[PDB]
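So this first bit is one chain, no partners, the form deposited in one PDB entry, shown in structure tokens.
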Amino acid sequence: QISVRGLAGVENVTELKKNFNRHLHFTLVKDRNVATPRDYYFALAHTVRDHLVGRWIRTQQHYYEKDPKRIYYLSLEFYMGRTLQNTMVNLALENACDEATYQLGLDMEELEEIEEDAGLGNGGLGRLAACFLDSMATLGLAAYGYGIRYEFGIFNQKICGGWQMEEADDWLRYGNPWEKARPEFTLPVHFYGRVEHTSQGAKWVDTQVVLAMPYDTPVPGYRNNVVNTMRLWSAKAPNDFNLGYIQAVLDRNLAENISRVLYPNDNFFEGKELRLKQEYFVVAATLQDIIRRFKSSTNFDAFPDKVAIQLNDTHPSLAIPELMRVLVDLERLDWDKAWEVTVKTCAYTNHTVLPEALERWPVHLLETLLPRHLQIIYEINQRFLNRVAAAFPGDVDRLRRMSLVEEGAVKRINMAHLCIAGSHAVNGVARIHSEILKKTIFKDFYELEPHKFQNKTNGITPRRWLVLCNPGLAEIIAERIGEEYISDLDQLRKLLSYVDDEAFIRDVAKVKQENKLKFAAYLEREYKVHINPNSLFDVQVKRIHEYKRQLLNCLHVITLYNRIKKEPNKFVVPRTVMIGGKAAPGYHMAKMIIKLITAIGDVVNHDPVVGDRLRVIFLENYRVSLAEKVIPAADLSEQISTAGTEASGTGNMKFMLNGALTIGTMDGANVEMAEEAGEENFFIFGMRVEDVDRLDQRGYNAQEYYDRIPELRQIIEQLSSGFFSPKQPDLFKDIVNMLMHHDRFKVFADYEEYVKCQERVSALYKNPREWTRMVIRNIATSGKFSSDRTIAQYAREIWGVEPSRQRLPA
């Protein structure tokens, strides 16, 4: 039906129908009389998978023959979401599959909804890794994603009595048709033991062994016939493990727990032994695989010419001492040569400056679990500090600040300092964040080695985040400027010539309206709730965290409610305020924020004086598949973190691409988005980084704001007195106490400017033509935020490889 979804040729459709029926019969062992919709989904997924495998084999064969430099992207998280539609988009099969299924009496959209998200990440960091894989394949890079195949991904969120409850995400229950187990490339990983010093070096002995079994998933590029690999490791006990008899078999679970569950924290370091085991597990298995592939092309001087290892935050930082262990202890390279190879091979991306997010492992843990790695870390530290002392003689405090070993009650290893010492490139993820790294937390390292420090502003894939989730928008764009923009997003600039075009204005608004109707209906069906689709859709979706300031949004919502109640017969622009996201299970304040949001909804949504002027909805179980539905429906994107706290953001970019305007602080990538679109086309408010710093020097006193702003005082009195919790009047006292006395994120300091800026949003929404013209100016300038741009910069400036848009033969 729509051009960007490709051709539905008679031959293709016939062949797809044949293969669908073949899989239903032979693969699934069903006939049409007892097949369920889930069987039909699987028969389609196997049909589409067959089209990948030829390209997958040929791509991997091509890399063996050409022997290009290989890029290894190491991450503890790959937030992939669903695969079926993305595969169809990238193979140009969507219209053919639609037609084929339609002729079989089936609705393909319904089958798509059956697939489970691969929820192997927490939020932005995990999703960035997924976008990056898509871009590396699209740009023809010989790239491999390496991670852990968690049995349970990010928990499913249920809301019960307004509180978050967690349920296990048993995503593999019905099988995963996309992966291929490769038990033949199973590798041993060692833990515990002790170090023996012999005549010819150190030996790590008496270890416990866990096997790492790989599962491979194909990663198709956009219409270029390249299919790369994501290799995820699963933990298995050896067969002699603990080998009365019955108990020894049941105790195999202790080893296999390593890959059981994703730690559900976003921007918070928990410090548990199981997490450290996960980190080493992924690193040790991956590095053996890398070395095997290198040897099957003595001479490790060429290793950095054939291998790049990108560390996604510090989570895989043990790659640095593990590489040194292998080169020194097993290959018998001298230390200095090994270190040169290591530094030239590794590069580190930092994703946060929040102190509670930084990994600082207790020395006693490393000593017990990884005794050889601790020795190597100490030697790295001594040699590194010797360089510092030579460059800054007498500066004893600098030595203490830069040490990999932190002194204190418990000695800890600072993993970020290890990553900087052992990498040839260190980057932040947006311009403001990379500057903050050089001025504050890594200032000392920047002064020693300025050449290491770079910026690589984040991006998102326009395949998933435009073509897949918003085909109506993709199509009206394609009608004007063709299809090349899908792999060259800078071509969206051509849309600025259609800012005064009456037909284009109408089409952009029509597509938004359709997306809003479709989402309003989705809400009714799956969650028994009614919304006005003519209201402004005001959306804040992201993990729940104090720094992201869902609480600031809550204060605005209550302000609007109180204004309506004060002057009920005055016109206000109707809004549907939607907030969604998961709280980490142990993060009490985040769980209280969720409860506050639902409690505000319980009052606002049932007040007959409000009517359909204001609705507050908590969107349950926010995840990649839900993002694909809500983002195309949004009018206003809330990006309201305290300046200096959101390293980049990527949700922000998804909203910009899909025709929402942004209300935001000058934080993370918001700064660059505003620069690209023009500040006049963005709703900027609040303290800049420098203003936050000035307040911190003086002392933040929240009481001053309470005393000066009557509207704010009223809200705090309502919270304290039980207005939003009549049966439990003190339910929110922890929230009030934090806001008044211990608010690290200065919610009150941005309240007045936020409310005023929100009034400007409402004023523009009253003039649909001008709202839509501003939207066009945003979409048109979103090209910089393609992850294709991001990856091309990594490739050229860090990895030393050239991207290619050349197609492999089919």
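Numbers for residues come from their place in the sequence shown, where the first is 1.
Omitted from view is the form solved in complex with a small molecule, to which the following refers.
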Which one of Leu370, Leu437, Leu489, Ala584 is close to the small molecule in the bound PDB entry, taking close to mean a heavy atom within 4.5 Å? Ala584
Here the chain is shown alone; which of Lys766, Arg744, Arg760, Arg769 has a heavy atom within 4.5 Å of the small molecule in the bound PDB entry? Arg744
Pick from 599-607, 571-579, 684-692, 349-357: which stretch has non-hydrogen atoms within 4.5 Å of the small molecule in the bound PDB entry? 349-357
Quick one: does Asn553 come within 4.5 Å of the small molecule in the bound PDB entry, counting heavy atoms only? no
If you check in the bound PDB entry, is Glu546 within 4.5 Å of the small molecule, heavy atoms only? yes
Whether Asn265 contacts the small molecule in the bound PDB entry should be assessed with a 4.5 Å heavy atom distance threshold; does it? yes
